[PDB]
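Step one of this worksheet: look at the structure below.
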Amino acid sequence: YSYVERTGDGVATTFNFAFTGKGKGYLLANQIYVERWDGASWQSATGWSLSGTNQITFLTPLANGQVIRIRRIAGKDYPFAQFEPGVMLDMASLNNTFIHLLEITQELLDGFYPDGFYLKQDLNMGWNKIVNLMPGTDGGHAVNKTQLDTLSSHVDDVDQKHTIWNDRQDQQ
Amino acid sequence: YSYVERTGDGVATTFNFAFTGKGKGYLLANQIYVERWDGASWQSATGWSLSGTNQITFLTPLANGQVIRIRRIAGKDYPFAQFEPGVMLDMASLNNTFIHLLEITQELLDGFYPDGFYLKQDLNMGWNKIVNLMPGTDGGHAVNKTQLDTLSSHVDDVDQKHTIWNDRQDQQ
Amino acid sequence: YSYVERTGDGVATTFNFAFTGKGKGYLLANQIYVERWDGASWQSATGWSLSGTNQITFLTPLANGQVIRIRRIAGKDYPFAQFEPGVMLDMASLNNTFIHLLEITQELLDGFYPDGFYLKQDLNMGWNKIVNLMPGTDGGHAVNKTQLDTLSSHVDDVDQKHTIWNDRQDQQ
Amino acid sequence: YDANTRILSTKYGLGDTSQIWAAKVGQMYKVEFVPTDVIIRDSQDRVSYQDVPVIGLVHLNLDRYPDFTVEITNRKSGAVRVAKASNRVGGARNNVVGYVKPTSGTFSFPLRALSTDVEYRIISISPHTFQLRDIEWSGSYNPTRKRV
Amino acid sequence: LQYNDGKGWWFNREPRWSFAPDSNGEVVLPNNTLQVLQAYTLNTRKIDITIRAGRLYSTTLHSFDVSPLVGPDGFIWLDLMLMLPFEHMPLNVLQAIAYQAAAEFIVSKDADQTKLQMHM
Amino acid sequence: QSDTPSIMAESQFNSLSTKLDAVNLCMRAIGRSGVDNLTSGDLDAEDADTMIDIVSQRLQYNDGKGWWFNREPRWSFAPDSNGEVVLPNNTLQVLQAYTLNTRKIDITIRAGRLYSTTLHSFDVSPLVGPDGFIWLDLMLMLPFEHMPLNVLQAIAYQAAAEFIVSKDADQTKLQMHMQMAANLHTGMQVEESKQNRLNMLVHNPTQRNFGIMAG
């Protein structure tokens with residue numbers, strides 16, 4: 001929906017993005033935000049400039065297989081338009097407001113959440129799977145069964161060298 | 001809320017559903033969608049038809065023990081009504097646009113999510129629990145304590161064998 | 001955003017909160033909810049009264065170290081206002097409705113889920129970690145690295161006591 | 001509008017659904033208006049075509065008007081600017097969702113150029129009547145050197 | 001006008017509070033606060049407190065949270081002032097605020113020199 | 001029983017915090033009413049938007065240093081192996097950190113990344129501090145939001161006066177805005193020193209050194 005993934009390689013310096021919705025797909029230029037994939041973290045990028053309506057231009061060509069992600073973040077605290085009596089009432093604000101209010105929900109469907117986010121209540125998934133996890137380093141992290149298989153593998157080898165010790169002991 | 005869990009089995013071919021909202025509770029006929037659970041996963045139902053403003057009738061009686069759900073899905077990319085210069089505003093479109101925007105928010109409140117949904121950033125649990133999860137299938141899946149309990153019990157079973165099969169060594 | 005937490009430490013009887021939005025943050029005085037943490041689960045506080053713009057007065061001072069939080073609860077079923085023939089178009093209602101449609105989003109945006117909530121479908125976080133989760137209690141509950149460390153240490157414990165047990169037998 | 005079946009279909013709520021209503025259908029024609037440029041007229045009735053005031057705001061007095069647009073063009077840069085005006089103003093009688101009754105009012109749009117440099121064109125596309133009563137300009141006039 | 005020059009009047013200002021930042025991090029300032037200052041009681045080191053949008057900030061720690069700045073055996077103590085609305089006011093401010101706003105109102109709309117000079 | 005919760009729950013203050021309200025306030029004292037939407041289609045709407053953005057860093061800079069919220073104490077950059085370090089986002093000014101045993105080295109800010117005049121090398125590898133990541137002091141530019149409520153009022157009135165003189169030419173309206181906004185600036189600048197208070201002693205190196213001795 002909102003987020004767009006792009007890969008860069010060669011002399012290419014201009015990248016095109018398309019969002020869902022009428023026209024350009026966004027209300028303000030401030031809604032566009034650029035990210036770069038360092039391979040480990042969600043690092044932000046610098047040196048990007050908005051050259052076209054739906055395209056951006058970098059100052060230098062991207063390196064081999066560099067990965068960038070063009071997303072669109074909307075205003076998270078106020079409605080786009082503020083209505084008062086006695087003002088020049090135009091209909092474009094109504095159309096923009098609904099798109100903006102529709103927009104704030106859009107990235108939530110995609111899966112983005114603001115920083116400092118935690119589910120403080122007891123969540124339930126009604127007997128559904130949780131998949132695609134990495135092994136956890138700290139004790140607070142959750143664990144997939146890849147670690148469980150490793151631990152199960154570990155108990156197997158210690159048990160099998162237990163057996164071989166007694167097997168040769170039975171020779172004695 | 002939006003979804004209705006219905007267990008109609010045997011002889012009966014028609015079911016009645018009520019949705020939260022005004023009147024029939026849906027914007028258009030195409031919003032209503034039917035899901036059937038075969039004991040493993042959910043999939044789209046076949047042969048169903050919309051009898052009237054409410055309640056639907058199946059062509060054949062459902063098999064004994066069959067469970068179905070009636071959900072309300074609405075377009076998320078586009079606003080329901082778009083306004084043009086020099087046209088008249090009617091109460092149908094104005095009220096429905098708020099209803100549609102309220103409806104899409106309610107769908108996320110029921111845990112419904114679109115296909116191809118994955119989180120981009122890690123989410124903080126904030127010292128809470130995970131409940132009612134089956135044991136995983138692939139290494140990328142998560143784990144419940146049931147797998148841990150079985151592994152611990154299996155470890156204990158070998159440890160008891162480690163004792164007794166080393167015990168007879170002691171008298172030898 | 002929607003929630004404000006406050007920890008009272010003796011004497012103090014007045015606590016303040018700040019919901020997001022222009023001006024106050026909540027449309028009606030009934031939207032404020034007060035919950036108290038008893039150390040196990042969040043309970044509903046009693047005796048609180050509104051004695052300020054956003055400051056509430058408790059009947060008795062809170063105990064030292066007591067943790068409570070303030071929530072904004074908005075109607076999740078009906079639109080704030082309805083427009084009908086022959087009535088003055090009211091910008092006060094129009095502004096309030098847009099805030100109402102927004103204020104439910106920050107509720108969902110901050111993870112506040114209604115009771116009896118479970119998503120009906122498998123969810124994946126696309127190679128993202130789960131953090132800040134204590135050991136599970138039920139067999140159907142998930143387990144984190146700390147429990148895995150505990151089991152792994154126990155396997156080391158049975159391994160090492162096997163070594164001491166098997167070694168001193170080797171001398172005879 | 002379906003071309004093959006020459007039938008107009010509408011989903012709007014027109015009232016009771018058990019009766020038959022009548023509507024007017026036809027082609028539309030544009031209304032175009034270009035007022036003359038403004039030059040300062042001294043009390044002695046002589047003109048200075050180079051001494052041109054700077055127009056700040058233009059006020060239009062109207063008695064009956066639908067929503068319309070005003071086109072701004074520049075003879076030197078060639079850029080075009082569009083200022084869209086609507087008959088909906090908050091707190092007024094013609095604000096009911098039912099129908100926008102024909103009421104008087106005023107509309108102002110900026111020009112931001114010399115009077116001799118730009119022209120402003122009034123364009124209206126609407127079945128309702130458009131009645132233009134008076135046109136007033138406001139701005140700044142700097143006499144660098146006095147007239148003869 | 002309530003904020004006036006620097007610190008406000010006697011009814012605006014509020015004495016020492018207690019905010020107790022959560023486990024997540026920083027604490028949120030309530031609605032509208034004209035200015036916030038750390039309490040200057042004894043045995044408390046001077047640590048800079050700065051208010052960003054809503055919740056506060058710490059420049060020296062450079063982090064958005066303020067968890068490391070919790071004081072010894074006291075969570076956090078600071079002094080601030082609210083902006084109470086037009087009603088429930090001392091009646092003197094009610095008349096003072098009206099004339100100042102009306103005097104400015106004059107010159108928003110055409111007013112005679114006479115009306116402006118007297119009201120100011 | 002009692003009536004304090006009932007009566008004043010309806011009370012409303014409606015303080016101004018949005019950028020649009022500042023534009024709408026700037027859109028008064030001039031004629032036409034304000035615009036409902038920031039974008040809109042009115043030329044004067046974005047003209048007021050430009051004024052707010054321009055006057056932002058002008059006011060935030062004061063003369064030299066800004067207020068306390070523009071302060072940013074000791075930073076660490078650790079310039080990359082590629083070369084010089086790039087200054088984060090937009091910075092009003094950059095100053096060297098002033099800890100002990102730190103010699104004075106020149107730092108000058110070009111577009112983004114900085115420049116050292118004495119070295120004349122646009123990359124600065126050798127002037128790095130000993131086991132230090134070139135500690136220095138700088139000043140970010142906060143947006144129109146994320147600012148105290150008072151400075152929002154100060155910037156709006158100052159921008160309004162500049163808009164009026166550019167747009168209109170009236171002595172009475174211009175004179176009031178310039179005078180009244182200057183009143184607020186002093187009324188706000190007075191507390192800046194009152195906040196983050198500093199005194200003659202301790203802070204002044206020669207006074208503290210004299211204080212420790214003969215005492």
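Residue names in the structure tokens use chain letters A, B, ... in the order shown, residue numbers from 1 in each chain, and ligand numbers from 1 in the order shown.
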Item to check | Close residues, residue 113 of chain F itself excluded, 9 Å, only C-alpha atoms, min 3 positions apart in chain, as a ChimeraX atom specification | outcome: /F:84-88,109-110,122
Next on the checklist: When you look at residue 132 of chain B with a cut-off of 7 Å (counting only C-alpha atoms), what residues show up, excluding the ones that are within fewer than 2 positions of it in the same chain? I need them as a list in words.
Outcome noted: residues 126 and 127 of chain A; 134 of chain B; 140 and 141 of chain C
Write out the residues from the selection above, keeping N, CA, C and O atoms, as an mmCIF file, in the first residue's frame.
```
data_model
loop_
_atom_site.group_PDB
_atom_site.id
_atom_site.type_symbol
_atom_site.label_atom_id
_atom_site.label_comp_id
_atom_site.auth_asym_id
_atom_site.auth_seq_id
_atom_site.Cartn_x
_atom_site.Cartn_y
_atom_site.Cartn_z
ATOM 1 N N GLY A 126 -6.474 -16.559 19.128
ATOM 2 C CA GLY A 126 -7.517 -17.519 18.785
ATOM 3 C C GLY A 126 -7.007 -18.745 18.068
ATOM 4 O O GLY A 126 -7.578 -19.154 17.049
ATOM 5 N N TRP A 127 -5.919 -19.334 18.565
ATOM 6 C CA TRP A 127 -5.294 -20.540 18.029
ATOM 7 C C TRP A 127 -4.725 -20.315 16.635
ATOM 8 O O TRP A 127 -4.973 -21.139 15.743
ATOM 9 N N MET B 134 -0.645 -23.294 19.112
ATOM 10 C CA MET B 134 -0.319 -24.679 18.806
ATOM 11 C C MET B 134 1.198 -24.832 18.714
ATOM 12 O O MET B 134 1.911 -23.835 18.555
ATOM 13 N N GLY C 140 -0.057 -23.981 26.871
ATOM 14 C CA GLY C 140 -0.336 -23.295 25.629
ATOM 15 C C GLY C 140 0.266 -21.916 25.511
ATOM 16 O O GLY C 140 0.075 -21.250 24.488
ATOM 17 N N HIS C 141 0.991 -21.460 26.528
ATOM 18 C CA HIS C 141 1.649 -20.165 26.491
ATOM 19 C C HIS C 141 3.046 -20.286 25.903
ATOM 20 O O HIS C 141 3.704 -21.324 26.016
#
```
Next on the checklist: Need the shell around residue 143 of chain B: protein/DNA/RNA residues with any atom at most 6 Å away, counting only C-alpha atoms. Skip same-chain ones fewer than 2 positions apart. Format as a ChimeraX atom specification?
Outcome noted: /A:144 /B:135-136 /C:142
Taking a cut-off of 6 Å and counting only C-alpha atoms, can you build a table that, for each residue of chain C near chain A, reports the nearest atom pair and how far apart they are in Å (one decimal), sorted by chain then residue number, as JSON lines?
```
{"residue": "C:21", "atom": "CA", "partner": "A:77", "partner_atom": "CA", "distance": 5.9}
{"residue": "C:91", "atom": "CA", "partner": "A:84", "partner_atom": "CA", "distance": 5.7}
{"residue": "C:111", "atom": "CA", "partner": "A:119", "partner_atom": "CA", "distance": 5.1}
{"residue": "C:118", "atom": "CA", "partner": "A:125", "partner_atom": "CA", "distance": 4.4}
{"residue": "C:119", "atom": "CA", "partner": "A:125", "partner_atom": "CA", "distance": 4.9}
{"residue": "C:122", "atom": "CA", "partner": "A:128", "partner_atom": "CA", "distance": 5.1}
{"residue": "C:124", "atom": "CA", "partner": "A:131", "partner_atom": "CA", "distance": 5.4}
{"residue": "C:127", "atom": "CA", "partner": "A:132", "partner_atom": "CA", "distance": 5.5}
{"residue": "C:130", "atom": "CA", "partner": "A:142", "partner_atom": "CA", "distance": 5.3}
{"residue": "C:131", "atom": "CA", "partner": "A:141", "partner_atom": "CA", "distance": 4.4}
{"residue": "C:132", "atom": "CA", "partner": "A:140", "partner_atom": "CA", "distance": 4.7}
{"residue": "C:133", "atom": "CA", "partner": "A:140", "partner_atom": "CA", "distance": 5.4}
{"residue": "C:144", "atom": "CA", "partner": "A:142", "partner_atom": "CA", "distance": 4.1}
{"residue": "C:145", "atom": "CA", "partner": "A:139", "partner_atom": "CA", "distance": 4.4}
{"residue": "C:146", "atom": "CA", "partner": "A:139", "partner_atom": "CA", "distance": 4.3}
```
Residue subset to file, keeping C-alpha atoms, as a short mmCIF file (atom, residue, chain, number, x, y, z; two decimals), in the first residue's frame:
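Okay, selection.cif is ready:
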```
data_model
loop_
_atom_site.label_atom_id
_atom_site.label_comp_id
_atom_site.auth_asym_id
_atom_site.auth_seq_id
_atom_site.Cartn_x
_atom_site.Cartn_y
_atom_site.Cartn_z
CA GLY C 21 -5.33 16.34 20.19
CA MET C 91 -19.48 23.04 12.00
CA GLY C 111 -2.59 -1.19 21.03
CA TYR C 118 -8.30 -12.42 19.02
CA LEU C 119 -7.21 -12.15 15.39
CA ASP C 122 -2.07 -16.33 11.00
CA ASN C 124 3.87 -13.01 10.59
CA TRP C 127 11.83 -11.37 10.34
CA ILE C 130 9.57 -10.36 20.06
CA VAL C 131 10.93 -8.57 23.13
CA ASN C 132 10.09 -8.07 26.80
CA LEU C 133 8.18 -11.26 27.61
CA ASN C 144 11.19 -16.98 25.87
CA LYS C 145 14.98 -17.36 25.99
CA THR C 146 15.08 -17.28 29.81
#
```
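Look at residue 64 of chain A: the protein and nucleic acid residues within 9 Å of it, using only C-alpha atoms and passing over chain neighbours fewer than 3 places away, are residues 8, 9 and 10 of chain A.
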Item to check | Within 9 Å of chain E: residues of chain C, using only C-alpha atoms, as a ChimeraX atom specification | outcome: /C:4-9,12,15-20,23-25,52-55
Item to check | Between atom CA of residue 109 of chain A and atom CA of residue 2 of chain B - distance in Å to one decimal | outcome: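 The value is 17.0 Å.
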Which polymer residues have any atom within 12 Å of an atom of residue 127 of chain D, counting only C-alpha atoms, with same-chain residues fewer than 3 positions away left out, as a PDB file with N, CA and C atoms, in the first residue's frame?
```
ATOM      1  N   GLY B  86     -19.888  21.753  -8.362  1.00  0.00           N
ATOM      2  CA  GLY B  86     -21.188  21.978  -8.966  1.00  0.00           C
ATOM      3  C   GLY B  86     -22.130  20.791  -8.936  1.00  0.00           C
ATOM      4  N   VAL B  87     -22.008  19.939  -7.920  1.00  0.00           N
ATOM      5  CA  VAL B  87     -22.957  18.859  -7.698  1.00  0.00           C
ATOM      6  C   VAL B  87     -23.577  19.118  -6.332  1.00  0.00           C
TER       7      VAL B  87
ATOM      8  N   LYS D  24     -34.747  17.833 -15.187  1.00  0.00           N
ATOM      9  CA  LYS D  24     -34.365  18.552 -16.393  1.00  0.00           C
ATOM     10  C   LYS D  24     -32.961  18.136 -16.811  1.00  0.00           C
ATOM     11  N   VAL D  25     -32.800  17.809 -18.089  1.00  0.00           N
ATOM     12  CA  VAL D  25     -31.532  17.324 -18.622  1.00  0.00           C
ATOM     13  C   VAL D  25     -31.222  18.075 -19.908  1.00  0.00           C
ATOM     14  N   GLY D  26     -29.975  18.506 -20.053  1.00  0.00           N
ATOM     15  CA  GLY D  26     -29.567  19.184 -21.269  1.00  0.00           C
ATOM     16  C   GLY D  26     -28.091  19.507 -21.241  1.00  0.00           C
ATOM     17  N   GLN D  27     -27.624  20.071 -22.352  1.00  0.00           N
ATOM     18  CA  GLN D  27     -26.228  20.452 -22.487  1.00  0.00           C
ATOM     19  C   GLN D  27     -25.955  21.771 -21.771  1.00  0.00           C
ATOM     20  N   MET D  28     -24.687  21.983 -21.439  1.00  0.00           N
ATOM     21  CA  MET D  28     -24.254  23.130 -20.654  1.00  0.00           C
ATOM     22  C   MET D  28     -23.352  24.023 -21.497  1.00  0.00           C
ATOM     23  N   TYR D  29     -23.367  25.320 -21.196  1.00  0.00           N
ATOM     24  CA  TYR D  29     -22.564  26.296 -21.916  1.00  0.00           C
ATOM     25  C   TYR D  29     -21.774  27.140 -20.929  1.00  0.00           C
ATOM     26  N   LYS D  30     -20.526  27.434 -21.281  1.00  0.00           N
ATOM     27  CA  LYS D  30     -19.656  28.214 -20.414  1.00  0.00           C
ATOM     28  C   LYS D  30     -19.976  29.699 -20.513  1.00  0.00           C
ATOM     29  N   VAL D  31     -19.698  30.418 -19.428  1.00  0.00           N
ATOM     30  CA  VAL D  31     -19.823  31.868 -19.375  1.00  0.00           C
ATOM     31  C   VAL D  31     -18.440  32.446 -19.125  1.00  0.00           C
ATOM     32  N   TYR D  65     -25.020  33.557  -7.417  1.00  0.00           N
ATOM     33  CA  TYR D  65     -23.848  32.937  -8.000  1.00  0.00           C
ATOM     34  C   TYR D  65     -23.685  31.492  -7.549  1.00  0.00           C
ATOM     35  N   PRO D  66     -23.368  30.581  -8.463  1.00  0.00           N
ATOM     36  CA  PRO D  66     -22.967  29.233  -8.054  1.00  0.00           C
ATOM     37  C   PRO D  66     -21.463  29.159  -7.861  1.00  0.00           C
ATOM     38  N   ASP D  67     -20.943  27.976  -7.549  1.00  0.00           N
ATOM     39  CA  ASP D  67     -19.501  27.807  -7.472  1.00  0.00           C
ATOM     40  C   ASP D  67     -18.883  27.924  -8.861  1.00  0.00           C
ATOM     41  N   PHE D  68     -17.758  28.627  -8.943  1.00  0.00           N
ATOM     42  CA  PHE D  68     -17.095  28.868 -10.219  1.00  0.00           C
ATOM     43  C   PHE D  68     -15.606  29.050  -9.965  1.00  0.00           C
ATOM     44  N   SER D 124     -17.568  30.200 -15.500  1.00  0.00           N
ATOM     45  CA  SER D 124     -18.606  29.543 -14.716  1.00  0.00           C
ATOM     46  C   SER D 124     -19.208  28.402 -15.519  1.00  0.00           C
ATOM     47  N   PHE D 130     -25.751  33.295 -12.812  1.00  0.00           N
ATOM     48  CA  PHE D 130     -24.551  33.975 -12.332  1.00  0.00           C
ATOM     49  C   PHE D 130     -24.714  35.459 -12.622  1.00  0.00           C
TER      50      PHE D 130
END
```
Next on the checklist: Going by DSSP on the backbone, which residues of segment 4-152 of chain C come out as helix (DSSP H, G or I)? List them as a PyMOL selection string.
Outcome noted: chain C and resi 29-31+91-109+145-152
Kindly save the residues from that selection, with C-alpha atoms included, as a tab-separated table (two decimals), in the first residue's frame.
```tsv
chain	number	residue	atom	x	y	z
C	29	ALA	CA	-16.51	14.10	30.22
C	30	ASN	CA	-17.70	10.47	30.16
C	31	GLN	CA	-14.75	9.47	27.94
C	91	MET	CA	-19.48	23.04	12.00
C	92	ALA	CA	-19.29	22.25	15.72
C	93	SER	CA	-20.78	18.82	15.02
C	94	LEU	CA	-18.66	18.46	11.88
C	95	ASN	CA	-15.44	19.15	13.79
C	96	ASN	CA	-16.47	16.87	16.65
C	97	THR	CA	-17.22	13.95	14.32
C	98	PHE	CA	-13.77	14.11	12.70
C	99	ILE	CA	-12.14	14.12	16.14
C	100	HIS	CA	-14.34	11.16	17.09
C	101	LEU	CA	-13.22	9.20	14.03
C	102	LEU	CA	-9.61	10.06	14.84
C	103	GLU	CA	-9.72	9.44	18.59
C	104	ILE	CA	-10.73	5.81	18.04
C	105	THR	CA	-7.66	5.37	15.83
C	106	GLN	CA	-5.14	6.43	18.49
C	107	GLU	CA	-6.91	3.97	20.78
C	108	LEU	CA	-6.18	1.24	18.23
C	109	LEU	CA	-2.85	2.84	17.29
C	145	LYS	CA	14.98	-17.36	25.99
C	146	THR	CA	15.08	-17.28	29.81
C	147	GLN	CA	13.17	-20.56	30.08
C	148	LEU	CA	15.37	-22.02	27.33
C	149	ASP	CA	18.43	-20.91	29.30
C	150	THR	CA	17.01	-22.58	32.42
C	151	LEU	CA	16.45	-25.87	30.59
C	152	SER	CA	19.85	-25.66	28.88
```
Item to check | residue 115 of chain E environment, 12 Å, only C-alpha atoms, sequence neighbours closer than 2 positions dropped, as an MDAnalysis selection string | outcome: chainID E and resid 99 102:107 109:113 117:120
Next on the checklist: Neighbouring residues of residue 159 of chain F were defined as those with any atom within 8 Å, considering only C-alpha atoms; residues of the same chain fewer than 3 positions away were excluded. Please report them as a list in words.
Outcome noted: residues 26, 51, 52, 55, 155, 156, 162 and 163 of chain F
Checklist entry - Once you count only C-alpha atoms, which residues of chain F turn out to be within 7 Å of chain A? Could you give them as a PyMOL selection string? => result chain F and resi 33-37
Next on the checklist: Would you compute the distance between atom CA of residue 116 of chain D and atom CA of residue 29 of chain F? Give it in Å to one decimal.
Outcome noted: 28.5 Å
Item to check | Which residue of F:79, F:143, F:215, F:148 approaches chain E most closely, using only C-alpha atoms | outcome: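 So, comparing all the options, the nearest one is F:148.
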Counting only C-alpha atoms, which residues of chain F fall within 10 Å of chain E, and what is the closest atom pair for each with its distance in Å at one decimal, ordered by chain and rising number, as CSV?
```
residue,atom,partner,partner_atom,distance
F:8,CA,E:88,CA,8.0
F:11,CA,E:85,CA,6.8
F:12,CA,E:85,CA,6.0
F:13,CA,E:85,CA,4.2
F:14,CA,E:85,CA,7.9
F:15,CA,E:32,CA,7.6
F:16,CA,E:32,CA,9.7
F:17,CA,E:32,CA,9.5
F:28,CA,E:108,CA,7.3
F:29,CA,E:108,CA,4.7
F:30,CA,E:108,CA,7.7
F:31,CA,E:108,CA,8.5
F:68,CA,E:50,CA,7.4
F:69,CA,E:50,CA,6.0
F:70,CA,E:59,CA,9.0
F:71,CA,E:59,CA,7.0
F:72,CA,E:59,CA,5.8
F:73,CA,E:60,CA,5.6
F:74,CA,E:60,CA,7.5
F:75,CA,E:62,CA,8.7
F:142,CA,E:52,CA,9.1
F:145,CA,E:53,CA,6.6
F:146,CA,E:53,CA,3.8
F:147,CA,E:52,CA,5.5
F:148,CA,E:51,CA,6.7
F:149,CA,E:34,CA,6.2
F:150,CA,E:34,CA,6.7
F:151,CA,E:34,CA,9.9
F:172,CA,E:107,CA,7.2
F:173,CA,E:107,CA,6.0
F:174,CA,E:107,CA,9.7
F:176,CA,E:104,CA,8.3
F:177,CA,E:104,CA,9.3
F:180,CA,E:104,CA,9.7
F:183,CA,E:5,CA,8.5
F:184,CA,E:5,CA,7.2
F:185,CA,E:5,CA,9.0
F:186,CA,E:5,CA,7.5
F:187,CA,E:5,CA,3.9
F:188,CA,E:6,CA,5.7
F:189,CA,E:6,CA,7.9
F:190,CA,E:6,CA,6.0
F:191,CA,E:6,CA,5.0
F:192,CA,E:6,CA,8.6
F:194,CA,E:6,CA,8.4
F:195,CA,E:37,CA,7.1
F:196,CA,E:48,CA,6.6
F:197,CA,E:46,CA,9.3
```
Checklist entry - Smallest atom-to-atom distance to residue 15 of chain D: which of D:111, D:88, D:98, D:122, using only C-alpha atoms? => result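 Closest to residue 15 of chain D of all the choices is D:98.
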